[PDB]
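Order of the sequence lines fixes the chain letters, A, B, ..., with proteins taken first and strands second; residue numbering starts at 1 for each chain. Atom set for the values below is all heavy atoms of this structure, side chains included, hydrogens, waters and symmetry mates excluded.
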Amino acid sequence: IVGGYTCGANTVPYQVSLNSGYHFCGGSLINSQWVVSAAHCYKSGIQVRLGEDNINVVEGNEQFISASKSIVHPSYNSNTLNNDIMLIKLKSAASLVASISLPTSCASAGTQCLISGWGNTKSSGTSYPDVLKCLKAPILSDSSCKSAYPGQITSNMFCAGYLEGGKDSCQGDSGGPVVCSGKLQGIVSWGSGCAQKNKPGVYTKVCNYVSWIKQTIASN
Amino acid sequence: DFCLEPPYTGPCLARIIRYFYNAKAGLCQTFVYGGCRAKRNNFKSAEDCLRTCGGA
Ligand SMILES: [Ca+2]
């Protein structure tokens with residue numbers, strides 16, 4: 001997260017880290033056995049880390065639980081990035097660390113959201129934080145999103161952020177949450193660099209997937 | 001030669017460690033891959049990188 005602030009320990013209790021010997025992606029806990037993340041975060045052998053603040057130290061609220069299933073959307077396209085969503089089942093239920101609700105309706109342009117993660121905090125250069133970082137950012141209109149990324153924005157994507165630059169998600173934040181009025185509306189997905197002027201972050205539009213998420217979770 | 005191209009993070013926002021052949025150094029080295037749109041100088045192990053690019 002570039003341009004953000006220190007959340008505070010366990011103030012984002014639905015944020016998880018996906019670990020493959022090191023932190024590589026975030027995710028969002030949506031019930032005691034299931035996490036939502038990005039399809040491009042698929043790996044075998046994922047361990048989900050819940051209750052984290054400092055990713056590099058054991059502080060004691062942690063739960064480390066293996067993924068028993070890692071289910072990429074059947075229509076994920078790894079070239080266009082359409083349908084960038086993945087559901088991870090936990091091998092044992094997490095002790096509730098708390099889940100976040102799925103949306104009942106899509107969010108509109110200008111809605112303020114909370115984006116969080118353990119990704120790079122520099123827009124030019126590299127600094128990875130120990131503790132979880134937070135950013136408040138608004139959803140942007142589809143028209144502005146498509147002028148920022150011509151030919152690239154599908155109906156399952158939205159932009160969020162600040163066109164002047166300096167505030168954005170960055171490498172290491174993928175798969176993590178964009179929460180707006182207590183609902184998981186987005187998944188950190190892609191952008192052009194990070195926190196660049198005129199290049200807001202692009203997010204998977206979770207509201208389009210709620211029936212699929214519910215049915216897929218219940219069928220596994 | 002794809003082994004001579006600089007490593008490509010790509011537009012996705014993961015922090016995945018991959019290997020690339022560094023021809024300046026004559027070494028397979030690590031870099032951050034964002035999770036999508038990989039180019040070919042991008043390997044999951046040092047052994048795969050050396051096998052494909054060693055000596056380029
Ligand atoms: Ca910790």
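Using a 30° and 60° split on the angle between ring planes, A:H73 and A:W212 fall in the tilted class, from 30° to 60°.
Residues B:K44 and B:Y19 are not in side-chain contact: their nearest non-hydrogen atoms beyond the backbone lie 4.5 Å or more apart.
For A:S70 and A:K43, the side-chain atoms include no donor-acceptor pair closer than 3.5 Å. Looking only at atom types and distance, the side chain of A:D130 has a donor-acceptor partner in the side chain of A:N56 under 3.5 Å away. Side-chain contact check for A:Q171 and A:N120: no donor-acceptor pair (N or O, by modelled atom type) lies under 3.5 Å. Under the 3.5 Å distance criterion, with hydrogens and angles disregarded, no donor-acceptor pair is assigned to the side chains of A:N31 and A:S99. Side-chain contact annotation: A:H40 with A:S174, donor-acceptor N/O pair under 3.5 Å present. Inspection of the A:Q15 and A:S116 side chains reveals an N or O donor paired with an N or O acceptor under 3.5 Å. Between the side chains of B:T52 and B:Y21, no donor-acceptor pair is found at a separation under 3.5 Å.
For the pair B:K39 and B:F2, the cation does not sit on the ring face, since its NZ or CZ is not both under 6.0 Å from the ring centre and inside 45° of the axis. Both the sub-6.0 Å distance and the 45° axial angle are satisfied by A:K167 relative to the ring of A:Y162. Cation-pi geometry between B:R15 and A:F24 is not satisfied (NZ or CZ under 6.0 Å from the ring centre, within 45° of the ring normal).
Both A:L114 and A:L102 belong to a single network of hydrophobic side chains, linked directly or stepwise wherever heavy atoms of I, L, V, M, F, W or Y lie under 4.5 Å apart. Tracing side-chain contacts under 4.5 Å through hydrophobic residues (I, L, V, M, F, W, Y), one never reaches B:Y8 starting from B:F31; they form parts of separate clusters.
B:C53-B:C3 SG separation is under 2.5 Å; the pair is scored as a disulfide.
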